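What follows is a single structure, written as structure tokens, with notes after it.
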Amino acid sequence: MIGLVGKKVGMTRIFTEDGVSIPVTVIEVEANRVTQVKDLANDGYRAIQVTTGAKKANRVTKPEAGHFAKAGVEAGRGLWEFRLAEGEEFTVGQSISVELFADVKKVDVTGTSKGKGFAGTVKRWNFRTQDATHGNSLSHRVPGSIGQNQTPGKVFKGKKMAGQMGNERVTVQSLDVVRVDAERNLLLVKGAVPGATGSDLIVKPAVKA
Amino acid sequence: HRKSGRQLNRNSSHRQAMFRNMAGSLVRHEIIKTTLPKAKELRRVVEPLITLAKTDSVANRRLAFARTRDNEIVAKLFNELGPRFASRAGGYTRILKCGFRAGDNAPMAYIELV
Amino acid sequence: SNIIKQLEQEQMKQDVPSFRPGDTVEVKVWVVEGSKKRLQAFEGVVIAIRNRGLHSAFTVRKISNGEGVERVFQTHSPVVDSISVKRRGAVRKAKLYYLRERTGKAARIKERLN
Amino acid sequence: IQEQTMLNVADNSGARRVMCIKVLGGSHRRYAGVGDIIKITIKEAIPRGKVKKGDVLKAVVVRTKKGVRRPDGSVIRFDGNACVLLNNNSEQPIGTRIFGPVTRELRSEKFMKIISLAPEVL
RNA sequence: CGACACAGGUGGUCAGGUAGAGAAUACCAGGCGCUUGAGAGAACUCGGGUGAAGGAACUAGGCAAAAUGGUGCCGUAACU
RNA sequence: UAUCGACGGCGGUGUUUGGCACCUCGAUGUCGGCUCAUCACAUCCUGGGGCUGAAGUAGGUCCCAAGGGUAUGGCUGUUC
RNA sequence: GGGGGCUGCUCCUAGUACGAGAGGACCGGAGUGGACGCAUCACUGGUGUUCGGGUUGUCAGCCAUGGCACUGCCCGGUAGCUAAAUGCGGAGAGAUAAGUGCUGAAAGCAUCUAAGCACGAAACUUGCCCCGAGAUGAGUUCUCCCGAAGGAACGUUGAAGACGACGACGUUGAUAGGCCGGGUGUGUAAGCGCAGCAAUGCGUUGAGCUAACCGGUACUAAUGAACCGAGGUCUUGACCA
């Protein structure tokens, strides 16, 4: 069980004696039924599924191992009914969050940040903005220069512009686990978590805390 | 866009009026026939227009004949159709959809006053 | 409480929001922020109406303190750098919460006056 | 603050108002902020003694209308604009006393002599 | 009359119907509804309103828009 | 022979001008600007180097290299 | 298949190395600024014929309270969306050119080469983000299925959407409305008393009215029934019986 996964519910907060008041993001972490686990290998730098472990297959778990010893194994995802899990497959695949999750423990939560169509350079890849009177010239979120040397009237592919997005993966580290509570088996993560509500976020023991 | 606000089927003005009238229709005759976004917002024109018109007093009926321009079905809203809804909150006059009629294809119920 | 004000009573806990601010009321604020060698003593500054502040996280308002070039700015009360306040002149009127003017028009009979 | 703007003086050098001209090391469409040294040409002042009215000198912007946000999240705004005249002697005011408050970031890291002559600090 | 049930053109009388300086808006009398329809809260184009700070820096030219703008008192330059 | 470099000699390019006039001559709206897209290099730097009349610092000249960056304004319709 | 990161300032190192003096560095490690790039707004700020107020003409006899100029005009202005707002945007690894060298001949010496070999560029490849089974080496997995598995049509609404879709729900329901409460916006009510000659000035009222949020709650509103509808193709690669 390299980690668990839940669905973002929203953002709340819990004032704890130790530490100090800090917003907490509620995440629904519940019953799953992992039938198999797909393992990827790092051939150069292009993910490829080595093998898949079923309810009973020592011929695939063996390759999974060793490859891990070779450190060539990539991210691990397994055919699941609801959400993922690792060593959970070997048992029966049926498990609850209570089995994997403790509080006050550090965890790395990654996820795809929240279709928005085309956006302006600024609202887009964080481009700053026309500070100074530049803003007064109502030219707020515009680079003002598509590219140097009008000739070519071309914009260097580099010279970042506007485009499409939405519909970026980010793995924030050191996310303390406040507690596991709510109407349903959920999780309280300190601070905020990438992605919108309902989005699928994964948990993983902090690589370095 | 934004959340679900009101519904101006036509323009701005055509959208207070229409409420007044088609409001007095469901008190003069316990039967009416509009469309879809029909008297659903006219379900509102009446109640409000009931309550504040509940108990008879000075500063109550004065609100009645303000939204409804008529002395006939503003008097029969009291001493009838109240007290007649004595111990009943809401439910004043609801109504269920009905198959669309001829001419302009637009389904329509029949307000009524239970 | 509801899942909107159930997670706001902690940070900036609703410390008995001093009766006033209120209309013209000019309660001298406080402070305790370092910004420099953390040894900052108390302080003082006159205010005015231009009230502001909500439920959970409310704030003083547009200080509008004459002294100095002029004024503006304000820290939200309560705040990590907050202490008790006091009184001043007793009320007045116009419309507190949104009382413009006082700025772009600050003289004797003009200020401390509607 | 842009070119051809009229701002007030903060030192008792004999000048009253100042008209911005250019900024040192700032290739932008009209601009001059708090802390930036700009070349100027005073307008109103004492036309005698040492030809004041008409001469072009350097100065340092201290206060502006535009609101600047601080780490806490609060923005501060002033009424008009002001600046201080400086001579050839590397960042040194030509006047004796200064008028008006100053920012923090303008003390420790950059100017240590300007803070010593500053009466107020926000 | 204009080839058309063509928002074009075409003389006289009613200029005291009711509130303002007035044959200026609102409203009796009288006349009329003969200037194609139905369903989501896009881009773009035609008219128009409001826009922080600066404010003609746009432009051949402030074109356009805006500002001033009722009445009474005080007061009113060069030039002729 | 760091650098500058005549006389003379031998070439490349074809952006200039001149020439010829072989082609078009059964019509592909002007100049400048603006807006928007792609390509090239005779690299002005950044990067790595050679020389110096290279102490250092700051420069001058030259080589490889174009990946990126090479981008703006005041007067003038004006291209010097 | 698509893509970017460029540049500057400051601190430590030095007022030291170097230099008579004047003058005046470097490698490297850090902080930050300007500029150019996906989002998000809690904070600061901008919008509003929802709403509240003032007021002209006119009508309801006056008052109160309202209609009309499709907000009469004027004043102010909440939510969302937005910005002069905020959070995020590596390092590292691999390979040649110029060039620096190794071993080493043709010329038993020498030589970076001629065979061989060790190193060596912001750029290149990759990392990372985005798109992508029509990715022509045209994918993977599980289950169901060859006369009944499954699937299309409909109804009520959107965390959806520019006409042909997408997503949720359809009583094993809270999806929408009503009601109540919670969370909000305005500002002193009707009436009467004494107010007052009156406008409307007072007292009773720090009183009413209103909402495009949320919760509780099914009370109301989510049938019936029809129908699109292929049927384990052929040759062969092994195992099971």
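In the structure tokens, chains take the letters A, B, ... in the order shown, each chain's residues start at 1, and ligands count up from 1 in the order shown.
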Long-range neighbours of segment 57-74 of chain B as a PDB file with C-alpha atoms (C1' of nucleotides), in the first residue's frame, 10 Å cut-off, only C-alpha atoms (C1' of nucleotides), 2 positions minimum in chain:
ATOM      1  CA  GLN B  16     -44.355  43.398 -12.745  1.00  0.00           C
ATOM      2  CA  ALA B  17     -47.068  43.116 -15.390  1.00  0.00           C
ATOM      3  CA  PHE B  19     -47.886  38.817 -13.038  1.00  0.00           C
ATOM      4  CA  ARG B  20     -50.571  41.337 -12.144  1.00  0.00           C
ATOM      5  CA  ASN B  21     -53.448  39.852 -14.157  1.00  0.00           C
ATOM      6  CA  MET B  22     -53.003  36.074 -14.393  1.00  0.00           C
ATOM      7  CA  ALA B  23     -52.894  36.683 -10.643  1.00  0.00           C
ATOM      8  CA  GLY B  24     -56.434  37.960 -10.384  1.00  0.00           C
ATOM      9  CA  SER B  25     -57.433  35.227 -12.808  1.00  0.00           C
ATOM     10  CA  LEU B  26     -56.687  32.667 -10.100  1.00  0.00           C
ATOM     11  CA  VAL B  27     -59.175  34.196  -7.673  1.00  0.00           C
ATOM     12  CA  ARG B  28     -61.906  35.419 -10.019  1.00  0.00           C
ATOM     13  CA  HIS B  29     -62.122  31.979 -11.613  1.00  0.00           C
ATOM     14  CA  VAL B  45     -47.971  36.477  -7.650  1.00  0.00           C
ATOM     15  CA  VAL B  46     -50.499  34.788  -5.370  1.00  0.00           C
ATOM     16  CA  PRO B  48     -47.376  36.751  -1.776  1.00  0.00           C
ATOM     17  CA  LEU B  49     -50.798  38.445  -2.163  1.00  0.00           C
ATOM     18  CA  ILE B  50     -52.080  35.936   0.378  1.00  0.00           C
ATOM     19  CA  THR B  51     -50.451  36.307   3.806  1.00  0.00           C
ATOM     20  CA  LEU B  52     -50.286  40.083   4.401  1.00  0.00           C
ATOM     21  CA  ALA B  53     -53.843  39.497   3.227  1.00  0.00           C
ATOM     22  CA  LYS B  54     -54.297  36.737   5.797  1.00  0.00           C
ATOM     23  CA  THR B  55     -55.806  38.360   8.888  1.00  0.00           C
ATOM     24  CA  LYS B  76     -63.354  37.765  -2.259  1.00  0.00           C
ATOM     25  CA  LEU B  77     -59.772  37.061  -1.222  1.00  0.00           C
ATOM     26  CA  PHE B  78     -60.961  37.867   2.292  1.00  0.00           C
TER      27      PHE B  78
ATOM     28  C1'   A G  64     -50.692  56.683   3.517  1.00  0.00           C
ATOM     29  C1'   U G  65     -49.367  53.639  -0.226  1.00  0.00           C
ATOM     30  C1'   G G  66     -48.778  53.089  -5.541  1.00  0.00           C
ATOM     31  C1'   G G  67     -49.132  53.067 -11.767  1.00  0.00           C
ATOM     32  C1'   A G 190     -48.786  50.674  10.350  1.00  0.00           C
ATOM     33  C1'   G G 191     -51.653  52.949  13.945  1.00  0.00           C
TER      34        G G 191
END
Just want the 9 Å neighbourhood of residue 92 of chain C, counted on only C-alpha atoms (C1' of nucleotides), with same-chain residues fewer than 3 positions away dropped. Output as a PyMOL selection string.
chain C and resi 22-25+89+113-114
Excluding residue 69 of chain C and residues on its chain fewer than 3 positions from it, collect all residues at most 10 Å away from it, counting only C-alpha atoms (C1' of nucleotides), and give them as number ranges by chain.
C: 65-66; D: 63, 78-80, 99-101
Within 12 Å of residue 119 of chain D, counting only C-alpha atoms (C1' of nucleotides), which residues show up once you throw out same-chain ones fewer than 5 positions away? Write them as a PyMOL selection string, please.
(chain C and resi 68) or (chain D and resi 10+97-103+114)
Could you please select, counting only C-alpha atoms (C1' of nucleotides), the residues of chain E within 12 Å of chain A and state them as a list in words?
residues 51, 52, 53, 54, 55 and 57 of chain E
Env of residue 144 of chain A: 10 Å cut, atoms = only C-alpha atoms (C1' of nucleotides), seq-sep filter 5 positions within chain, self excluded. Answer as a ChimeraX atom specification.
/A:130,134,139
With C-alpha atoms retained, write the just-selected residues as a compact mmCIF listing (two decimals), in the first residue's frame.
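For reference, out-v6.txt as written:
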# COMPACT_ATOMS: atom_id res chain seq x y z
CA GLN A 130 1.32 45.58 -16.61
CA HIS A 134 0.92 50.24 -17.90
CA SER A 139 -3.46 47.09 -20.97
Selection near residue 83 of chain C, 12 Å with only C-alpha atoms (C1' of nucleotides), sequence-local residues under 4 positions removed, as a count of residues only:
17
Could you please tell me, as an MDAnalysis selection string, which residues of chain A have an atom within 9 Å of chain G when using only C-alpha atoms (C1' of nucleotides)?
chainID A and resid 35 44:45 52 79 113:114 121:128 130:132 135:136 140:141 143 157:161 164:166 168:169 197:198
Selection near residue 43 of chain G, 10 Å with only C-alpha atoms (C1' of nucleotides), sequence-local residues under 6 positions removed, as a VMD selection string
(chain D and resid 72 to 74) or (chain G and resid 85 to 86)
Go ahead and save the picked residues with N, CA and C atoms (P, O5', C5', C4', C3', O3' and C1' of nucleotides), as a PDB file, in the first residue's frame.
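Produced file result_11.pdb, reproduced below:
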ATOM      1  N   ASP D  72       1.512  41.472   4.450  1.00  0.00           N
ATOM      2  CA  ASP D  72       0.333  41.118   5.233  1.00  0.00           C
ATOM      3  C   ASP D  72      -0.925  41.105   4.370  1.00  0.00           C
ATOM      4  N   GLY D  73      -0.912  41.886   3.294  1.00  0.00           N
ATOM      5  CA  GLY D  73      -2.059  41.935   2.405  1.00  0.00           C
ATOM      6  C   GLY D  73      -2.787  43.266   2.407  1.00  0.00           C
ATOM      7  N   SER D  74      -2.303  44.210   3.207  1.00  0.00           N
ATOM      8  CA  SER D  74      -2.922  45.527   3.289  1.00  0.00           C
ATOM      9  C   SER D  74      -2.250  46.500   2.327  1.00  0.00           C
TER      10      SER D  74
ATOM     11  P     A G  85      -1.745  43.293  -8.792  1.00  0.00           P
ATOM     12  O5'   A G  85      -2.937  43.044  -7.768  1.00  0.00           O
ATOM     13  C5'   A G  85      -2.877  43.536  -6.432  1.00  0.00           C
ATOM     14  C4'   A G  85      -3.417  42.500  -5.477  1.00  0.00           C
ATOM     15  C3'   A G  85      -2.628  41.199  -5.427  1.00  0.00           C
ATOM     16  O3'   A G  85      -1.577  41.275  -4.470  1.00  0.00           O
ATOM     17  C1'   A G  85      -4.895  40.702  -5.811  1.00  0.00           C
ATOM     18  P     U G  86      -0.303  40.301  -4.604  1.00  0.00           P
ATOM     19  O5'   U G  86      -0.881  38.857  -4.260  1.00  0.00           O
ATOM     20  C5'   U G  86      -1.365  38.554  -2.955  1.00  0.00           C
ATOM     21  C4'   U G  86      -1.967  37.168  -2.930  1.00  0.00           C
ATOM     22  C3'   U G  86      -1.048  36.047  -3.391  1.00  0.00           C
ATOM     23  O3'   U G  86      -0.232  35.573  -2.323  1.00  0.00           O
ATOM     24  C1'   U G  86      -3.120  35.861  -4.503  1.00  0.00           C
TER      25        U G  86
END
Once you count only C-alpha atoms (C1' of nucleotides), which residues of chain B turn out to be within 9 Å of chain E? Could you give them as a list in words?
residues 1, 2, 4, 5, 104 and 105 of chain B
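DSSP secondary structure from the backbone places residues 113, 114, 115 and 116 of chain D of chain D in helix (DSSP H, G or I).
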Kindly save the residues from that selection, with N, CA, C and O atoms included, as a PDB file, in the first residue's frame.
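As a result, out18.pdb now contains:
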ATOM      1  N   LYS D 113      21.465  56.602   5.203  1.00  0.00           N
ATOM      2  CA  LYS D 113      21.572  58.016   5.547  1.00  0.00           C
ATOM      3  C   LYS D 113      20.227  58.723   5.420  1.00  0.00           C
ATOM      4  O   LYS D 113      19.966  59.706   6.114  1.00  0.00           O
ATOM      5  N   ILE D 114      19.378  58.217   4.531  1.00  0.00           N
ATOM      6  CA  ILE D 114      18.060  58.801   4.313  1.00  0.00           C
ATOM      7  C   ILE D 114      17.145  58.527   5.503  1.00  0.00           C
ATOM      8  O   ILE D 114      16.301  59.352   5.852  1.00  0.00           O
ATOM      9  N   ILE D 115      17.320  57.363   6.121  1.00  0.00           N
ATOM     10  CA  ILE D 115      16.514  56.973   7.272  1.00  0.00           C
ATOM     11  C   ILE D 115      16.894  57.817   8.487  1.00  0.00           C
ATOM     12  O   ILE D 115      16.039  58.175   9.298  1.00  0.00           O
ATOM     13  N   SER D 116      18.178  58.140   8.599  1.00  0.00           N
ATOM     14  CA  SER D 116      18.677  58.940   9.713  1.00  0.00           C
ATOM     15  C   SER D 116      18.076  60.343   9.717  1.00  0.00           C
ATOM     16  O   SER D 116      17.979  60.982  10.764  1.00  0.00           O
TER      17      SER D 116
END
I need the contact residues of chain C against chain A, so if you could list those with any atom within 12 Å, counting only C-alpha atoms, and return them as a PyMOL selection string, that would help.
chain C and resi 2-13+80
Residues of chain A in strand (DSSP E), written as number ranges by chain:
A: 5-13, 23-28, 32-33, 37-43, 46-53, 73-77, 94-95, 106-112, 117-119, 163-165, 169-179, 186-190, 200-202
Within 10 Å of chain A, which residues of chain F show up when using only C-alpha atoms (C1' of nucleotides), listed as JSON, numbers by chain?
{"F": [36, 37, 38, 39, 40, 68, 69, 70, 71]}
Taking N, CA and C atoms (P, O5', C5', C4', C3', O3' and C1' of nucleotides) for each residue, export the selection above as a PDB file, in the first residue's frame.
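Wrote again.pdb, looks like this:
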ATOM      1  P     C F  36      -1.445  41.738 -33.760  1.00  0.00           P
ATOM      2  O5'   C F  36      -1.341  40.494 -34.750  1.00  0.00           O
ATOM      3  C5'   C F  36      -2.383  39.525 -34.818  1.00  0.00           C
ATOM      4  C4'   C F  36      -2.144  38.581 -35.971  1.00  0.00           C
ATOM      5  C3'   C F  36      -0.798  37.872 -35.982  1.00  0.00           C
ATOM      6  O3'   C F  36      -0.810  36.705 -35.167  1.00  0.00           O
ATOM      7  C1'   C F  36      -1.208  38.784 -38.116  1.00  0.00           C
ATOM      8  P     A F  37       0.580  36.026 -34.733  1.00  0.00           P
ATOM      9  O5'   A F  37       1.006  35.169 -36.008  1.00  0.00           O
ATOM     10  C5'   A F  37       0.327  33.958 -36.329  1.00  0.00           C
ATOM     11  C4'   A F  37       0.869  33.370 -37.612  1.00  0.00           C
ATOM     12  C3'   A F  37       2.373  33.164 -37.677  1.00  0.00           C
ATOM     13  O3'   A F  37       2.762  31.949 -37.044  1.00  0.00           O
ATOM     14  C1'   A F  37       1.624  34.153 -39.687  1.00  0.00           C
ATOM     15  P     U F  38       4.271  31.777 -36.520  1.00  0.00           P
ATOM     16  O5'   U F  38       5.105  31.447 -37.839  1.00  0.00           O
ATOM     17  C5'   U F  38       4.894  30.225 -38.540  1.00  0.00           C
ATOM     18  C4'   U F  38       5.720  30.183 -39.808  1.00  0.00           C
ATOM     19  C3'   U F  38       7.225  30.354 -39.667  1.00  0.00           C
ATOM     20  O3'   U F  38       7.837  29.114 -39.317  1.00  0.00           O
ATOM     21  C1'   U F  38       6.428  31.628 -41.506  1.00  0.00           C
ATOM     22  P     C F  39       9.346  29.091 -38.752  1.00  0.00           P
ATOM     23  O5'   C F  39      10.236  29.564 -39.986  1.00  0.00           O
ATOM     24  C5'   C F  39      10.353  28.734 -41.132  1.00  0.00           C
ATOM     25  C4'   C F  39      10.981  29.477 -42.288  1.00  0.00           C
ATOM     26  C3'   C F  39      12.424  29.936 -42.173  1.00  0.00           C
ATOM     27  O3'   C F  39      13.357  28.869 -42.317  1.00  0.00           O
ATOM     28  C1'   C F  39      11.163  31.608 -43.240  1.00  0.00           C
ATOM     29  P     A F  40      14.736  28.904 -41.489  1.00  0.00           P
ATOM     30  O5'   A F  40      15.595  30.057 -42.181  1.00  0.00           O
ATOM     31  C5'   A F  40      16.122  29.883 -43.492  1.00  0.00           C
ATOM     32  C4'   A F  40      16.908  31.104 -43.926  1.00  0.00           C
ATOM     33  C3'   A F  40      18.122  31.474 -43.092  1.00  0.00           C
ATOM     34  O3'   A F  40      19.245  30.692 -43.483  1.00  0.00           O
ATOM     35  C1'   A F  40      16.882  33.425 -43.628  1.00  0.00           C
ATOM     36  P     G F  68      15.921  29.942 -31.447  1.00  0.00           P
ATOM     37  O5'   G F  68      15.976  30.662 -30.024  1.00  0.00           O
ATOM     38  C5'   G F  68      15.083  30.290 -28.972  1.00  0.00           C
ATOM     39  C4'   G F  68      15.378  31.091 -27.721  1.00  0.00           C
ATOM     40  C3'   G F  68      15.234  32.602 -27.845  1.00  0.00           C
ATOM     41  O3'   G F  68      13.893  33.018 -27.612  1.00  0.00           O
ATOM     42  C1'   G F  68      17.316  32.106 -26.863  1.00  0.00           C
ATOM     43  P     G F  69      13.334  34.343 -28.330  1.00  0.00           P
ATOM     44  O5'   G F  69      14.120  35.537 -27.627  1.00  0.00           O
ATOM     45  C5'   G F  69      14.076  35.722 -26.214  1.00  0.00           C
ATOM     46  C4'   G F  69      15.210  36.620 -25.774  1.00  0.00           C
ATOM     47  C3'   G F  69      15.302  37.962 -26.486  1.00  0.00           C
ATOM     48  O3'   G F  69      14.483  38.938 -25.855  1.00  0.00           O
ATOM     49  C1'   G F  69      17.426  36.941 -26.480  1.00  0.00           C
ATOM     50  P     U F  70      14.001  40.231 -26.682  1.00  0.00           P
ATOM     51  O5'   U F  70      15.296  40.719 -27.476  1.00  0.00           O
ATOM     52  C5'   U F  70      15.173  41.547 -28.635  1.00  0.00           C
ATOM     53  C4'   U F  70      16.539  41.945 -29.154  1.00  0.00           C
ATOM     54  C3'   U F  70      16.567  42.491 -30.575  1.00  0.00           C
ATOM     55  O3'   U F  70      16.266  43.876 -30.661  1.00  0.00           O
ATOM     56  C1'   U F  70      18.224  40.840 -30.359  1.00  0.00           C
ATOM     57  P     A F  71      15.462  44.469 -31.913  1.00  0.00           P
ATOM     58  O5'   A F  71      14.028  44.878 -31.356  1.00  0.00           O
ATOM     59  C5'   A F  71      12.963  43.933 -31.318  1.00  0.00           C
ATOM     60  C4'   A F  71      12.266  43.994 -29.982  1.00  0.00           C
ATOM     61  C3'   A F  71      11.928  45.393 -29.501  1.00  0.00           C
ATOM     62  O3'   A F  71      10.706  45.837 -30.078  1.00  0.00           O
ATOM     63  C1'   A F  71      12.960  44.188 -27.749  1.00  0.00           C
TER      64        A F  71
END
Please, which residues of chain G lie no more than 12 Å from chain B when the count uses only C-alpha atoms (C1' of nucleotides), and can they be set out as a ChimeraX atom specification?
/G:49-50,60,64-68,70-71,79-81,157-158,161,176-180,189-191,209,211-213,219-221
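For the pair atom CA of residue 70 of chain D and atom CA of residue 90 of chain D, the separation is 28.8 Å.
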